[PDB]
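Colleague: using only what follows, build the 3D model:
(chains A, B and C, ligands or ions: 13)
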Amino acid sequence: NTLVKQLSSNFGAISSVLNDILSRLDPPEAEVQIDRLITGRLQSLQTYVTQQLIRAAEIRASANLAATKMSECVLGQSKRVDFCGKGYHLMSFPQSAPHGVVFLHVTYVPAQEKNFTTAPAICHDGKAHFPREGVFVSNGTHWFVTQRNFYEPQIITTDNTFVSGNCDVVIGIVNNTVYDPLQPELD
Amino acid sequence: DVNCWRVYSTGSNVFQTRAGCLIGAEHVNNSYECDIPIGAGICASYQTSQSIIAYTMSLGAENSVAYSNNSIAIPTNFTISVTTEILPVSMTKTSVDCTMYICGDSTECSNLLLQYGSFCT
Amino acid sequence: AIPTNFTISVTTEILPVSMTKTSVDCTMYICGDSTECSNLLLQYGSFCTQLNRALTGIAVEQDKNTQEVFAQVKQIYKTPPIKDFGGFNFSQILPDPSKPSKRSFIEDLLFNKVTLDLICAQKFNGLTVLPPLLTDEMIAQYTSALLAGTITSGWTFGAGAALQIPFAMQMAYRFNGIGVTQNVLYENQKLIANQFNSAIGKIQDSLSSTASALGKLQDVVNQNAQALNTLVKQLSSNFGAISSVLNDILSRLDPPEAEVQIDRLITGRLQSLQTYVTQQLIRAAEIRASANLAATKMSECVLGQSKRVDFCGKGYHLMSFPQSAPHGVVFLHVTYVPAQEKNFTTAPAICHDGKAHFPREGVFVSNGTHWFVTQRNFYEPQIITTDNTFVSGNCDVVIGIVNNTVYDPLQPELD
Ligand SMILES: *[C@@H]1O[C@H](CO)[C@@H](O[C@@H]2O[C@H](CO)[C@@H](O)[C@H](O)[C@H]2NC(C)=O)[C@H](O)[C@H]1NC(C)=O
Ligand SMILES: *[C@@H]1O[C@H](CO)[C@@H](O[C@@H]2O[C@H](CO)[C@@H](O)[C@H](O)[C@H]2NC(C)=O)[C@H](O)[C@H]1NC(C)=O
Ligand SMILES: *[C@@H]1O[C@H](CO)[C@@H](O[C@@H]2O[C@H](CO)[C@@H](O)[C@H](O)[C@H]2NC(C)=O)[C@H](O)[C@H]1NC(C)=O
Ligand SMILES: *[C@@H]1O[C@H](CO)[C@@H](O[C@@H]2O[C@H](CO)[C@@H](O)[C@H](O)[C@H]2NC(C)=O)[C@H](O)[C@H]1NC(C)=O
Ligand SMILES: *[C@@H]1O[C@H](CO)[C@@H](O[C@@H]2O[C@H](CO)[C@@H](O)[C@H](O)[C@H]2NC(C)=O)[C@H](O)[C@H]1NC(C)=O
Ligand SMILES: *[C@@H]1O[C@H](CO)[C@@H](O[C@@H]2O[C@H](CO)[C@@H](O)[C@H](O)[C@H]2NC(C)=O)[C@H](O)[C@H]1NC(C)=O
Ligand SMILES: *[C@@H]1O[C@H](CO)[C@@H](O[C@@H]2O[C@H](CO)[C@@H](O)[C@H](O)[C@H]2NC(C)=O)[C@H](O)[C@H]1NC(C)=O
Ligand SMILES: *[C@@H]1O[C@H](CO)[C@@H](O[C@@H]2O[C@H](CO)[C@@H](O)[C@H](O)[C@H]2NC(C)=O)[C@H](O)[C@H]1NC(C)=O
Ligand SMILES: *[C@@H]1O[C@H](CO)[C@@H](O)[C@H](O)[C@H]1NC(C)=O
Ligand SMILES: *[C@@H]1O[C@H](CO)[C@@H](O)[C@H](O)[C@H]1NC(C)=O
Ligand SMILES: *[C@@H]1O[C@H](CO)[C@@H](O)[C@H](O)[C@H]1NC(C)=O
Ligand SMILES: *[C@@H]1O[C@H](CO)[C@@H](O)[C@H](O)[C@H]1NC(C)=O
Ligand SMILES: *[C@@H]1O[C@H](CO)[C@@H](O)[C@H](O)[C@H]1NC(C)=O
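Modeller: Numbering: from 1, shown residues only, chains lettered A, B, ... in the order given. Ligands and ions are numbered 1, 2, ... in the order given. What follows is the structure:
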């Protein structure tokens, strides 16, 4: 709109209508007037073209980002944090909009939480026990092992841990028992 | 860039900030979230009386996690959420014309423009 | 080749986030203070109204870049008075409540190492500088909140609620994600703590001995000043007229003859202003791209652990900490690197009872008389049993299989 409205400026000439100039003057004294209008209009065209060229690069960069998001968040599962919405990512759905794209990210978010007391390792018979997968927890009277992102207590067994070295080298080890499920079946 | 002194239409409720002298906006001492920016950590919004409120931005609530050396927190329940994002992909395609714009339908103007080089190809 | 020892390193990264916000004013710049000059300018339709609408568009983005990079926490976390982090020592980067501008020591060194009337010179010509929306105290608070999040909540606080966990177990989890089992960490607690403390101590000495890396953060500022100076100096050229003084031309010639000199001066000054604004527009894009890259690094390397190689430091990434610097950000990456390698002879598989055994984890090695299986990134021999391998077919198709014996612990127990 600004570019099209620029056509009305006198640019230091008699009138902004070219037919008025070439209906009132003889060409030897009309060319010098027409030159100013030509110069001004050419400058305005240059400015508009430069602005469009500048904006195109930004739009192309945004388009490339959208392409990467489409390739990663949709055609698969991405473990990059905050690249497919807040929280952990599960899936995405694309939608089309006039001159744009809309992404629907589905995310999984942990809701509640509880207090617990934990220890890094367990010493049973002079050997330190470590959790194969998960973490040790204890509600003050018993000890269980549970997965990281959910509450699901289980009994400590030799099929759920692994041994390494001897205790008294770990900073905060605590002592307890281990089930060893094979023993009752042996008898 | 004036300091409160020189005014031309002043009533009351004159306030001084780091971004200039503010006239017409009431000043309070309770923080909120920024709605209409002003600057230098000052934001203004139209909350309740019926006047304009000017205040300092609040970054949010403050909490301190009950940290320890043998205490842990485990979730017991979860939630599914859905979020939306909007991204532009293109804009309007346009095209102009050399002679139709600069010279219109005139014939002498085109010959005069030929004096210039290739400034429109 | 197998490593047998490891080293913790700390690396730094510097990124510019934003630049100073300026604004012009044509009527007091091109025309100074005159009536005829403004009347002549009125013939050019809507140039300066467009220029002032573009410069404010540039300026408004500088207050959004910092918000996109730093404001990524919905709360404000506070470090506890308890300072038993298993041996680690964050005293150099935690906020110090001893000065009114509460900042950490390294932030103070960063501020002192960057050195910024010019404003009155602009006021001669209507040029002005606008202050940023977020004051430096707010940025310091944001950085303190982000740093306190990772100390006492691991990386859970960035994806929901904040859950506390002792620092030792968090570091053990972080090693678990780079291919080293947990039992290494608890057997080297003091050794890791001392190395981390010494690495942190080295950084301040490096920055206190005239570091040449901060120049990248400095350079941009210099450039702006340079360009701005050029603009003012442009006013001291006659552009082919009699003189560059506006009032002198009106004071020594008739108006119908002075109008042409006025027009020449107007054209020259307008062209100079256009060139300056185009330069500003060009530079804004580079700064914005750098800001977006910094935001991506902040979201990935800090609020979590990234398995991308050479994106959060050189080596296997462990964590990172942010620091605020004048118009920029500084990242401290903590990294794990193997140290001393030893030779071994390997073999793909083992077949014992006519069936090939493949290792369920790690790799088969042998010192020359006996065979062990060990995890890939650290030397730790174990006896080959049926809890470490799995069977697949008969040994006739593997290229380099070799005889050996598998323990099978159940049989001694049942005996
Ligand atoms: C901690 O949780 C355990 C697991 O349920 C509780 O132990 C059980 O308690 C019930 C009754 O409270 C008994 O009937 C079970 O026999 C117990 N199981 C075992 C393996 O002993 C324990 O009571 C909880 N402690 C606290 C303080 O809440
Ligand atoms: C956990 O319990 C074991 C016993 O099963 C403790 O081992 C003994 O502890 C006593 C006193 O703490 C020592 O005098 C003995 O020398 C230890 N060894 C034995 C009896 O073989 C172990 O110390 C306990 N760990 C704790 C309390 O952290
Ligand atoms: C803004 O205006 C106030 C109002 O005068 C200034 O306060 C004066 O400061 C000067 C020098 O500091 C003193 O000599 C006057 O006595 C002060 N007068 C009053 C009424 O306070 C204030 O200094 C100005 N702002 C700045 C940055 O100079
Ligand atoms: C886990 O959270 C869900 C949703 O917050 C709980 O499901 C709700 O349970 C209540 C029972 O008190 C019902 O009245 C609601 O209708 C349930 N919600 C829905 C969407 O069906 C669920 O009970 C929670 N689980 C536990 C163990 O607390
Ligand atoms: C792994 O490297 C560390 C140092 O990088 C070794 O610890 C050093 O051990 C020597 C003993 O010869 C001491 O004099 C040094 O003071 C120790 N360094 C530190 C920082 O305490 C460690 O021994 C190496 N591990 C192995 C198995 O060689
Ligand atoms: C953690 O690091 C700080 C920083 O070096 C230690 O504080 C230093 O303590 C020594 C004596 O122990 C003093 O000579 C230094 O002047 C202190 N420096 C500072 C900056 O305060 C601190 O001792 C370390 N350990 C703990 C537990 O904080
Ligand atoms: C390769 O490693 C094995 C396992 O440790 C070494 O065998 C041990 O050697 C020592 C010293 O000769 C004996 O005390 C042990 O009884 C041996 N154990 C077994 C299971 O054989 C062997 O010596 C090592 N070979 C070389 C060349 O270093
Ligand atoms: C595993 O050991 C056997 C030896 O028992 C190696 O080859 C066999 O050798 C015996 C006599 O020495 C022959 O009767 C068998 O026919 C051989 N087996 C085959 C498949 O030809 C066998 O090469 C060893 N595997 C290795 C070295 O990878
Ligand atoms: C866990 O215990 C601490 C101990 O003071 C307490 O501050 C915190 O609120 C507790 N957490 C919950 C979820 O109640
Ligand atoms: C944890 O801190 C308490 C102090 O409240 C201390 O008595 C205990 O020994 C500490 N435990 C570890 C493993 O550092
Ligand atoms: C705001 O400033 C006034 C002026 O001193 C003061 O009386 C008032 O207590 C302040 N507001 C609050 C909430 O303290
Ligand atoms: C492994 O053996 C090769 C050849 O004997 C030798 O060049 C190399 O230095 C050895 N590795 C180490 C760590 O010494
Ligand atoms: C390994 O190379 C040696 C000679 O370099 C050769 O004798 C042997 O058969 C090769 N083994 C395998 C499994 O390629």
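
Colleague: flag every buried residue along the strand of greatest length in chain B.
Modeller: When every strand of chain B is counted residue by residue (DSSP state E), the longest turns out to be strand B:78-88. Under the neighbour-count criterion of 16 or more other CB atoms under 10 Å in any protein chain shown, strand B:78-88 has residue B:87 buried. Every residue, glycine included, has its C-beta placed from N, CA and C.

Colleague: is chain C within reach of stretch B:40-59?
Modeller: Yes: where contact is defined by CB under 8 Å from any CB of the partner chain, part of stretch B:40-59 touches chain C, namely B:40-41, B:57, B:59.

Colleague: which secondary structure elements does the next helix-or-strand element following the longest strand of chain B sit against?
Modeller: The C-terminal neighbour of strand B:78-88 among helices and strands, as given by DSSP states H and E, is helix B:98-102. Helix B:98-102 makes packing contacts with helix A:27-69, helix B:108-113 when contacts are defined by 3 or more CB pairs under 8 Å, 6 or more residues apart in numbering or on different chains; DSSP states H and E.

Colleague: for ligand 9, which of the ones you listed is the nearest?
Modeller: For these, the distance to ligand 9 is smallest for helix A:27-69, at 35.8 Å, taking CB to the nearest ligand atom.

Colleague: can you tell if the closest one touches chain C?
Modeller: Yes: in this structure, helix A:27-69 sits against chain C according to CB under 8 Å from any CB; the contacting residues are A:40, A:47, A:50-51, A:54, A:57-58, A:61.

Colleague: among these, which ones are buried?
Modeller: Neighbour-count burial within those applies to A:40, A:47, A:51; the criterion is 16+ other CB under 10 Å.

Colleague: the helices in chain A, which residues?
Modeller: Assigned helices in chain A, in chain order: A:2-5, A:18-21, A:27-69, A:182-186 (criterion: DSSP state H).

Colleague: check contacts around the residue positioned nearest the centre of chain B.
Modeller: To find the centre residue of chain B, average its C-alpha atoms and take the closest one (CA atoms, centre = their mean): that gives residue B:37, at 6.8 Å. If a contact means CB atoms under 8 Å, 6 or more residues apart in numbering or on different chains, then residue B:37 has B:43, C:63, C:133 as its contacts.

Colleague: identify the residues contacting residue A:100.
Modeller: Contacts here follow CB under 8 Å, 6+ apart; on that basis residue A:100 touches B:86-89.

Colleague: so how far is residue C:170 from the residue positioned nearest the centre of chain A?
Modeller: Compute the mean C-alpha point of chain A, and by CA atoms, centre = their mean the closest residue is residue A:83, 2.1 Å away. Taken as CB to CB, to the nearest Å, the spacing of residue A:83 relative to residue C:170 amounts to 23 Å.

Colleague: re the thing from before, same list, the contacts of residue B:37, but as CSV with distance to residue B:100 please.
Modeller: Formatted as CSV, the entries for these read as follows, by distance: CB to CB, whole Å:
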residue, distance to residue B:100
B:43, 49
C:63, 42
C:133, 46
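
Colleague: before I go, just wanted to say thanks for your time.
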